[PDB]
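Read through the structure below, which is laid out as structure tokens, and then see the notes.
A, B, ... follow the sequence lines: proteins, then strands. Residue 1 opens every chain.
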Protein chains: 6
Amino acid sequence: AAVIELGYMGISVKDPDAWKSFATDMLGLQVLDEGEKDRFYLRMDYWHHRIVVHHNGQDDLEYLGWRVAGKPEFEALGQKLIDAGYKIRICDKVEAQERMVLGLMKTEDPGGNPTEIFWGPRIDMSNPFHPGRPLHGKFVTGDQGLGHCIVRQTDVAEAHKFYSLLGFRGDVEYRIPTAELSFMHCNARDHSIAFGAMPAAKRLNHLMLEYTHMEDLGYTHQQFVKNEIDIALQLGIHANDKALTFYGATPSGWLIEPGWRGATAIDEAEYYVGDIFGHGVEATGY
Amino acid sequence: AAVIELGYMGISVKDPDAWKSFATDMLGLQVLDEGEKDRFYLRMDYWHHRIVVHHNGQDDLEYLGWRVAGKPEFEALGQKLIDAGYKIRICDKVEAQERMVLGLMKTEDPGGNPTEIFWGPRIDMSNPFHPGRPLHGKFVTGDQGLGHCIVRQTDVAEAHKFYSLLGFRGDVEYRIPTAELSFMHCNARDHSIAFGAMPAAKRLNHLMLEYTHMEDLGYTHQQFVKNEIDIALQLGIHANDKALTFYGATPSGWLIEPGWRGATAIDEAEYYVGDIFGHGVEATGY
Amino acid sequence: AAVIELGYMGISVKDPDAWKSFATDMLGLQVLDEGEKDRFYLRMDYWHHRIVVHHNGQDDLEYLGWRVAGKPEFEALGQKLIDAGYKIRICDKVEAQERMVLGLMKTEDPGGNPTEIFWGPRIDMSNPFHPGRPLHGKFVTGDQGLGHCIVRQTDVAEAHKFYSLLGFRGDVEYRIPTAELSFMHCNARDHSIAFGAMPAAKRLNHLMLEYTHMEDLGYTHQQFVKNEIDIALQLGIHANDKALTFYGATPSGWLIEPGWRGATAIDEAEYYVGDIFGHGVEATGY
Amino acid sequence: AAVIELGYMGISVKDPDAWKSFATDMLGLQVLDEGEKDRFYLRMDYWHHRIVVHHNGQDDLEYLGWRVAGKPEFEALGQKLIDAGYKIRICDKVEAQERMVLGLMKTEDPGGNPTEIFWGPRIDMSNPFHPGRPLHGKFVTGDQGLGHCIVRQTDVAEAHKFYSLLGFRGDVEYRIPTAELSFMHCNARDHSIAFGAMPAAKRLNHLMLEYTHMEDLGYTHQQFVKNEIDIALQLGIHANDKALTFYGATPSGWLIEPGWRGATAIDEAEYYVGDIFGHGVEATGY
Amino acid sequence: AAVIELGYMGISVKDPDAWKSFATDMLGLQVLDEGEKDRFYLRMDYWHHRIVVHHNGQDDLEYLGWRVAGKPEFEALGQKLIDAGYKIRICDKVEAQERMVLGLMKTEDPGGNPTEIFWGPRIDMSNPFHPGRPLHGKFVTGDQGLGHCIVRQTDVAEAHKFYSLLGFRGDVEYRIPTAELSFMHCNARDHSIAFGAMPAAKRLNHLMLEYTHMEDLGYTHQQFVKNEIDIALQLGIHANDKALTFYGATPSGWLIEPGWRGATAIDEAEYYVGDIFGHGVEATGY
Amino acid sequence: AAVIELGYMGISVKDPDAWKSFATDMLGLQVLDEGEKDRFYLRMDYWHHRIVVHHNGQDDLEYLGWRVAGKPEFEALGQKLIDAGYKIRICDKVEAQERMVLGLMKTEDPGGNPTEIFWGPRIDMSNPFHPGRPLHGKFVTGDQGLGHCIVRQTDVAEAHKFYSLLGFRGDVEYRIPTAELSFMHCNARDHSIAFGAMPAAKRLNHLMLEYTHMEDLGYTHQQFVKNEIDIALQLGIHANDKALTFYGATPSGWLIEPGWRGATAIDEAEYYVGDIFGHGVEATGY
Ligand SMILES: Oc1ccc(-c2ccccc2)cc1O
Ligand SMILES: Oc1ccc(-c2ccccc2)cc1O
Ligand SMILES: Oc1ccc(-c2ccccc2)cc1O
Ligand SMILES: Oc1ccc(-c2ccccc2)cc1O
Ligand SMILES: Oc1ccc(-c2ccccc2)cc1O
Ligand SMILES: Oc1ccc(-c2ccccc2)cc1O
Ligand SMILES: Oc1ccc(-c2ccccc2)cc1O
Ligand SMILES: Oc1ccc(-c2ccccc2)cc1O
Ligand SMILES: Oc1ccc(-c2ccccc2)cc1O
Ligand SMILES: Oc1ccc(-c2ccccc2)cc1O
Ligand SMILES: Oc1ccc(-c2ccccc2)cc1O
Ligand SMILES: Oc1ccc(-c2ccccc2)cc1O
Ligand SMILES: Oc1ccc(-c2ccccc2)cc1O
Ligand SMILES: Oc1ccc(-c2ccccc2)cc1O
Ligand SMILES: Oc1ccc(-c2ccccc2)cc1O
Ligand SMILES: Oc1ccc(-c2ccccc2)cc1O
Ligand SMILES: Oc1ccc(-c2ccccc2)cc1O
Ligand SMILES: Oc1ccc(-c2ccccc2)cc1O
Ligand SMILES: [Fe+2]
Ligand SMILES: [Fe+2]
Ligand SMILES: [Fe+2]
Ligand SMILES: [Fe+2]
Ligand SMILES: [Fe+2]
Ligand SMILES: [Fe+2]
Ligand SMILES: [Mg+2]
Ligand SMILES: [Mg+2]
Ligand SMILES: [Mg+2]
Ligand SMILES: [Mg+2]
Ligand SMILES: [Mg+2]
Ligand SMILES: [Mg+2]
């Protein structure tokens with residue numbers, strides 16, 4: 001037992017007001033403002049938060065927060081990382097409290113992406129999720145964590161070694177006429193992290209969030225079209241996770257992938273040379 | 001495989017007659033009197049008993065009895081405790097027979113709470129449970145054991161180490177504006193033991209018993225109100241176990257927590273800063 | 001829609017104290033004494049009662065109480081009986097209140113058995129069933145009513161005509177080397193009333209009561225043997241209802257048939273020439 | 001409510017000993033000999049019998065026995081037949097007892113096939129089915145009756161009118177390059193009676209019996225091949241009932257159709273111009 | 001993985017003809033006679049046999065045959081027994097073929113009961129079970145093996161050590177006012193072997209066989225009563241396995257325990273001081 | 001975790017055009033021609049292919065391709081084979097790409113059958129299976145792989161050792177009056193590889209392919225009969241896998257076994273001395 005979900009993530013942004021409107025109106029996320037001068041939160045479920053939005057930022061990813069079941073797994077994984085030669089820091093109580101977790105360690109993946117491992121998230125059971133716009137349904141989180149990210153890597157083999165140590169499984173799932181793309185899971189979500197060896201100006205290529213209801217995905221798509229927000233890739237279904245998704249611009253320039261109907265992860269490695277349908281390029285430059 | 005349930009407990013009381021009326025009328029427990037001069041039994045199910053009520057007492061907990069599956073697990077856990085430096089005594093046949101078990105060992109937890117580990121409880125299949133008052137339903141026991149207790153500790157870290165060795169799982173689940181409260185499970189019951197570092201005049205803070213039917217919980221609540229018995233904390237739902245419960249005075253001064261609809265234990269550590277609703281203070285001094 | 005269950009019955013007895021001990025210890029029925037000088041009640045479930053036990057009696061049946069769904073069905077069946085030439089009396093409020101029902105009519109079946117038709121039984125939801133001895137389970141009642149009775153008839157064809165008018169279905173199900181026995185249902189209970197053309201000193205041959213648990217039936221059987229109460233017919237399984245049952249003496253001389261595992265009534269008429277096994281004569285003269 | 005199953009049938013044979021061996025070894029039916037000089041019985045289930053085999057016979061069908069639910073349906077259908085101009089006879093008790101039924105009437109269908117309508121078959125629950133050879137499974141009977149027959153008709157429209165009056169449903173289901181074949185159901189069995197306008201030397205073309213297990217059908221097929229019994233039509237699946245079946249000679253010259261996996265009857269009329277596969281002619285002259 | 005079922009057993013008898021009639025008529029077992037001069041077989045299911053009945057015998061147990069999953073488990077358990085100091089013999093092909101198994105080893109338990117361990121039983125799928133009398137149902141075998149036996153032991157602790165090594169689980173389950181009785185399982189059958197420290201003239205106290213249907217158990221009971229065969233213990237339900245059973249004499253003097261409705265084995269050790277009901281002594285001297 | 005399915009196989013043929021017509025018309029496989037001069041593909045499902053058909057061939061098996069879950073299992077099994085003394089070659093990227101897999105190693109089994117182990121098959125999710133003739137259903141593949149093969153062996157013990165190392169389970173399942181036949185599984189398919197010690201001119205005795213629908217199996221059988229293709233063994237059911245199958249000639253002379261309704265593999269070794277029914281010899285010389 002090691003990493004069990006993508007529990008939270010932090011991003012930094014240059015336009016917090018635009019991000020609040022985008023998150024609520026375009027996606028249906030809930031804005032939680034605790035009156036902090038430099039950040040606010042986005043909720044998806046009973047967790048106090050799933051995304052921390054830092055102000056005065058770089059319009060990129062700040063950290064991914066990977067959950068382990070408890071203290072025993074936290075301690076075991078820490079030692080495992082040390083023994084394998086990785087540089088980690090166990091955080092003090094102030095730093096853990098900043099993230100609202102019971103235990104916290106910080107490191108960087110082989111691509112330079114700041115990576116946090118924690119146990120004991122804060123759950124606000126007294127405060128049920130209340131979406132930023134009316135929703136037919138809710139989000140798929142639970143044992144699948146918040147969603148998935150594709151992040152920049154320079155050495156795919158080293159990236160794979162690192163995430164394997166963290167307890168992820170997966171390998172090259174697409175060979176695109178040849179670019180190889182690798183996808184890894186740490187729970188039932190088909191993938192939680194993925195990467196290839198392509199150049200990228202930003203740490204974060206995209207974040208995928210999953211609705212329980214197709215009606216919310218469709219309405220989200222309609223919101224993007226109505227507000228003339230760039231759709232980088234049109235609606236389609238992935239050969240790996242079988243989800244219906246599209247990719248749209250965020251105010252930070254990296255992409256959001258709203259989706260629906262993701263399939264369960266499998267440990268039997270398969271690869272494909274294309275998607276089931278759709279996901280055609282529309283807006284260029286992403 | 002180690003401890004699998006809170007199998008029995010012993011308490012001592014100053015007023016056995018009051019305890020008989022309380023147990024039967026207020027809670028629906030069954031009184032079994034085997035004609036012993038110094039004790040009687042309370043039943044909840046087919047077990048010969050779940051609670052031993054000793055006379056001429058201190059109005060506090062006398063022992064918690066933790067079950068293991070069988071002799072192999074009993075022997076293994078005994079040696080484990082010895083190897084870790086804890087002081088245990090394997091009881092002879094007379095002492096085992098007193099508790100009506102096939103094998104028995106005695107120790108104390110780090111807080112000084114007398115702790116028994118046993119295998120092979122006596123089950124009276126010929127003698128079905130017959131509650132002390134008419135019930136709509138029955139009690140939740142089975143693989144969840146009799147209920148849960150909160151007991152006094154002086155060193156939470158040492159307590160955690162001890163119960164971890166016994167096969168329990170769990171950690172700090174509430175941070176209350178800061179008091180930290182730890183809750184541990186050894187089966188599907190969300191918790192069977194819990195504790196914090198607060199001072200306490202008694203070993204036992206409260207015992208929780210769970211009804212299968214909301215109607216019995218409601219009627220129990222009504223019995224407390226009708227008989228003007230102190231309700232220390234009003235009806236509410238816990239963020240951790242999701243049960244509907246209240247807390248009322250017993251004749252011994254420590255609290256009973258009658259409840260309904262407890263959720264299954266989880267190994268993924270979460271924490272909260274408050275309950276879902278209710279559990280407001282009413283009667284003070286508990 | 002007409003008669004839907006055997007809702008209650010009244011019996012009269014010469015020895016109420018013996019009947020109280022018998023009902024509680026031998027059968028597990030609940031005694032309810034409302035302080036009336038001339039009667040007490042036996043409960044099986046949430047109904048205020050299922051059996052009224054009148055004192056200063058004849059050790060026989062006093063009345064069968066047949067339930068209809070509501071007032072519309074009550075009125076329709078009343079008129080149906082009148083139109084077919086049967087003599088009925090619609091009872092006033094005092095008489096209805098005596099039986100604790102909202103509407104009541106009285107008549108006699110063609111065999112002279114006093115027959116009541118009612119709607120709106122009193123249900124004491126606040127007062128859950130509490131058996132007269134510890135039980136593993138409870139009784140089968142609900143949409144199947146309290147049980148079944150075999151009652152005396154002089155003209156089977158006329159009896160059949162009467163119960164058919166009341167909404168029962170069924171005919172000759174046994175031809176015994178030749179005695180013909182007829183069995184009729186008004187709900188899922190395989191039969192609620194049955195009869196043949198044999199002579200009988202009493203209105204009531206037997207009453208069948210059904211346990212949910214085989215363990216209670218077995219213990220009941222053991223109670224009869226231990227207390228040296230006559231077993232008229234030994235354990236066996238009926239070809240029609242497939243229940244495991246035996247027949248034992250009551251203090252009134254007519255028989256009780258405790259049983260378990262009755263099958264659902266069928267509208268497709270079948271007959272048999274014997275039972276599946278058992279039901280051999282033991283104590284003679286019943 | 002009218003006819004609900006093909007309950008029994010009678011055949012007459014010239015070689016009873018050959019029929020006993022055939023029924024037991026080739027089909028797995030149970031022979032019941034009640035010591036009558038002129039007949040024996042074949043069982044398939046708990047019914048006393050499903051087929052009566054008369055000696056000194058014509059090697060053809062003697063009667064089909066159609067069940068109604070009870071006396072009310074029996075009386076109603078009798079009057080219906082009379083009112084429509086058909087000739088029926090209500091049988092006395094001796095004649096009913098010969099067939100082991102509670103009520104019996106006799107007529108002929110428009111093709112001259114002797115037709116009986118009855119209620120109240122004799123079920124020997126004390127005497128479970130015991131097949132004439134070891135079987136993996138048993139027969140499909142229950143609410144589907146014993147099987148189906150194809151019988152001779154001279155006027156298909158009149159036949160249809162008659163069976164419609166009896167409560168059957170169905171029409172032309174095959175148009176074979178053109179011969180029209182009509183199939184009618186009276187319960188979940190896809191068909192219980194069928195016919196066309198072709199000439200036939202015998203009343204009975206074939207009887208279909210259905211096994212619960214494919215292994216028994218296969219072994220039956222193997223028995224026919226091993227004993228060099230004519231297979232008139234090879235294994236195949238019918239477009240209407242979707243059953244896997246073959247057709248083999250009986251000692252009487254008409255055909256048995258052993259089968260497996262019949263589909264539920266439908267009230268929505270369909271037709272086909274051929275079967276799904278197989279049912280090719282092998283032995284000619286049937 | 002070690003012993004997974006009681007696969008077969010061998011007994012020797014003085015009166016084979018009496019045993020054939022008893023097995024078929026009284027129990028519904030199938031007699032298979034392969035024309036061997038010194039033995040015949042009893043079947044319960046698709047296995048070639050479950051019981052070997054040797055002639056010219058001692059009216060006692062000859063061997064218990066314990067199945068392991070395959071060759072790897074066979075080899076591992078053999079070495080385990082050798083390493084623990086037990087005396088075993090690996091049988092040659094002739095001896096294995098005598099038992100109709102692919103691999104066979106022979107030893108004796110600490111009580112002197114001949115004990116065989118094997119893999120690869122012969123299953124006659126072509127030859128479905130055909131009971132020796134008509135049955136409503138069949139036997140419970142499959143992953144539960146043929147039944148259970150109680151056998152003589154002189155040293156219960158040594159017996160327990162031996163069966164524990166074989167992969168069984170269980171301990172003292174009854175303390176009878178004090179006699180201790182131990183019961184061990186190797187699959188879902190509540191127990192497959194049991195023993196105490198009481199003296200016994202024979203190796204075998206009783207064999208329990210389980211019907212799928214209560215109707216067959218009842219009819220079996222009726223057969224014993226009708227044929228005036230001693231019933232040593234009357235119908236009752238065991239506190240441990242919850243089965244309805246009785247105990248009757250066999251022609252060899254040891255007891256058969258026909259039963260119905262056995263519960264699943266549990267690894268959590270419980271004990272009782274009596275049964276649920278019944279099992280009263282009738283015929284003495286067993 | 002080691003081999004998890006028969007993922008693909010390669011055959012070589014002398015008449016590719018005949019094989020195309022045979023595969024499509026007689027079996028319903030899909031022909032995929034990628035324009036390669038020396039080979040084409042047969043599909044059964046979403047995999048790019050299940051069978052590679054090489055031209056200019058020997059009318060025999062060229063290779064069996066055994067799948068492992070992923071790279072870790074591939075590497076572990078490779079080392080396991082090396083450590084046990086087997087000769088393996090890890091293939092370069094060109095060779096892996098030829099088979100359309102992410103990782104590939106080559107060896108020979110002890111019988112000389114070329115054996116490939118791979119991970120990461122190419123799945124064409126964009127290109128759903130389209131059978132070569134209309135089908136009622138599809139093929140059974142998924143976690144059961146493509147089917148099973150019987151291949152030539154010279155030393156059954158060495159063969160068993162090799163496939164055991166690969167993670168297969170199974171042993172002798174038939175003893176035929178004596179020829180011993182061994183059957184091994186690596187997933188839920190009852191067997192994926194089988195063999196005996198009989199002489200064979202070809203590596204491949206037969207390939208079994210399984211339909212989801214009996215109607216397709218029947219139609220396939222009909223196609224063989226219509227086109228006068230040799231049926232070596234007639235329809236029957238295997239005692240081990242319980243499937244309905246027949247065996248027919250392919251254009252290469254080795255046999256295809258089309259079938260339906262295979263049972264789940266079991267780890268508990270059984271043997272038989274014959275099939276359930278059928279599988280009688282028809283066309284000789286196979
Ligand atoms: O390393 C792994 C992490 C998670 C899963 C997993 C968990 C639940 C469902 C599906 C896959 C599988 C893995 O091999
Ligand atoms: O420009 C990019 C396009 C696609 C991916 C990508 C998508 C899925 C998995 C791995 C990488 C990453 C990129 O930086
Ligand atoms: O979640 C994802 C799953 C699959 C692909 C993908 C599919 C085809 C080509 C490139 C990327 C991209 C994703 O972001
Ligand atoms: O130490 C442990 C003891 C018991 C359970 C458990 C058992 C059943 C359901 C849920 C949790 C989980 C544990 O980690
Ligand atoms: O006065 C007290 C109040 C609350 C708890 C408590 C409740 C739940 C878990 C741990 C400690 C313990 C106390 O002694
Ligand atoms: O069973 C229990 C679960 C949770 C709490 C609790 C909740 C909030 C604050 C303090 C204690 C107390 C309990 O007795
Ligand atoms: O007159 C009738 C009364 C009751 C039922 C019935 C109701 C429920 C289940 C089974 C039979 C059927 C009848 O024909
Ligand atoms: O002496 C009697 C014996 C049996 C029945 C009886 C039992 C079942 C149905 C109908 C009548 C009625 C009697 O008066
Ligand atoms: O409820 C009953 C069901 C069937 C019979 C019966 C069975 C055989 C012969 C006589 C009566 C008697 C009953 O009291
Ligand atoms: O006249 C009819 C007789 C029987 C059925 C029937 C009953 C059960 C299942 C399917 C069809 C449908 C009819 O229209
Ligand atoms: O020679 C015959 C061939 C076929 C049928 C038949 C089969 C099915 C339905 C209706 C008639 C009837 C015959 O007399
Ligand atoms: O039960 C039957 C269902 C269908 C046909 C049939 C099918 C095609 C042509 C002719 C008869 C024949 C049958 O005996
Ligand atoms: O040694 C053992 C052998 C068998 C079972 C078992 C298997 C299936 C169901 C219940 C218990 C449990 C054991 O501890
Ligand atoms: O005479 C005897 C009576 C009972 C048992 C027995 C029954 C169950 C378990 C263990 C021993 C064994 C005996 O030899
Ligand atoms: O299978 C058995 C289960 C339990 C007992 C038993 C129960 C009470 C006292 C003595 C033996 C005896 C058995 O043969
Ligand atoms: O070596 C083995 C490989 C596969 C299975 C298996 C997997 C799924 C279902 C049934 C058997 C069992 C084995 O012992
Ligand atoms: O001629 C042959 C006949 C049968 C098998 C065979 C079939 C199943 C399993 C193992 C071998 C192999 C042969 O070479
Ligand atoms: O898949 C198969 C399963 C069983 C046998 C078999 C059965 C009996 C005798 C010989 C081979 C042959 C097969 O090809
Ligand atoms: Fe994505
Ligand atoms: Fe609590
Ligand atoms: Fe009755
Ligand atoms: Fe037919
Ligand atoms: Fe027993
Ligand atoms: Fe095969
Ligand atoms: Mg994946
Ligand atoms: Mg917890
Ligand atoms: Mg009836
Ligand atoms: Mg039809
Ligand atoms: Mg046990
Ligand atoms: Mg196998």
Side-chain angles (χ1 to χ4, degrees), chain A residues 2 156-186 190-191 194 196-197 233-245 261-280, chain F residues 1-8 32 34 41 43-50 65-77 93-94 96-105 117-130 141-146 167 186-189 192:
Chain A
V156 169
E158 282 298 312
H160 187 277
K161 185 182 172 298
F162 178 80
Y163 290 100
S164 292
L165 189 153
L166 269 51
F168 292 70
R169 170 95 178 186
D171 214 291
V172 170
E173 291 178 357
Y174 288 83
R175 297 196 82 252
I176 303 303
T178 300
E180 296 191 323
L181 313 177
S182 294
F183 297 79
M184 304 185 80
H185 60 267
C186 58
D190 176 83
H191 49 288
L233 291 181
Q234 299 171 330
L235 283 162
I237 291 177
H238 292 306
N240 60 6
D241 73 1
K242 316 308 187 284
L244 183 63
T245 83
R261 203 204 65 168
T264 302
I266 60 170
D267 278 2
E268 302 76 31
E270 293 180 356
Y271 80 99
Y272 324 94
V273 303
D275 261 359
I276 297 183
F277 81 87
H279 285 148
Chain F
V3 168
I4 62 168
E5 61 168 289
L6 179 57
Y8 64 81
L32 174 60
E34 297 273 18
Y41 304 96
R43 306 186 77 214
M44 302 178 65
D45 58 17
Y46 281 111
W47 285 42
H48 175 274
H49 63 265
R50 294 295 193 158
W66 296 106
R67 188 189 184 186
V68 300
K71 191 184 272 183
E73 294 81 18
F74 179 85
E75 290 175 0
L77 180 48
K93 287 173 187 188
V94 164
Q97 290 174 328
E98 177 183 13
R99 299 295 189 254
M100 299 173 200
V101 302
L102 297 176
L104 183 61
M105 69 173 67
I117 300 162
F118 75 97
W119 69 277
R122 176 180 158 171
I123 312 309
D124 290 341
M125 291 307 304
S126 63
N127 191 22
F129 173 66
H130 193 55
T141 59
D143 52 26
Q144 296 185 66
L146 70 85
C186 58
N187 56 39
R189 188 178 292 281
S192 291

Rounded to the nearest 0.5 Å, what separates atom NE2 in F/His48 from atom OH in A/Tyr271? 8.5 Å

Between A/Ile266, A/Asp275, A/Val172, A/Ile276, which shows the greatest number of heavy-atom pairs under 4.5 Å with chain F? A/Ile276

Do [X] and [Y] have side chains that approach each other closer than 4.5 Å (heavy atoms only, starting at C-beta)?
X        : Y        : answer
F/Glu5   : A/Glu268 : no
A/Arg175 : F/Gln97  : yes
A/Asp171 : F/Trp119 : yes

Need one label for F/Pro72: side chain, backbone, both or neither, based on atoms under 4.5 Å from any heavy atom in chain A. side chain

Using non-hydrogen atoms only, which part of F/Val68 is less than 4.5 Å away from chain A: side chain, backbone, both, or neither? neither

Specify the closest pair of heavy atoms between A/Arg169 and F/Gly70, including all atoms of both residues, with the distance to one decimal. NH2-N, 3.5 Å

Tell me which of these, F/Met125, F/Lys71, F/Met100, has more heavy-atom pairs under 4.5 Å with chain A than the rest. F/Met125

Which residue out of F/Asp124, F/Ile123, F/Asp143 racks up the most heavy-atom pairs below 4.5 Å with chain A? F/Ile123

Against chain F, label A/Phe277 side chain, backbone, both or neither, depending on which of its atoms sit under 4.5 Å from a heavy atom there. neither

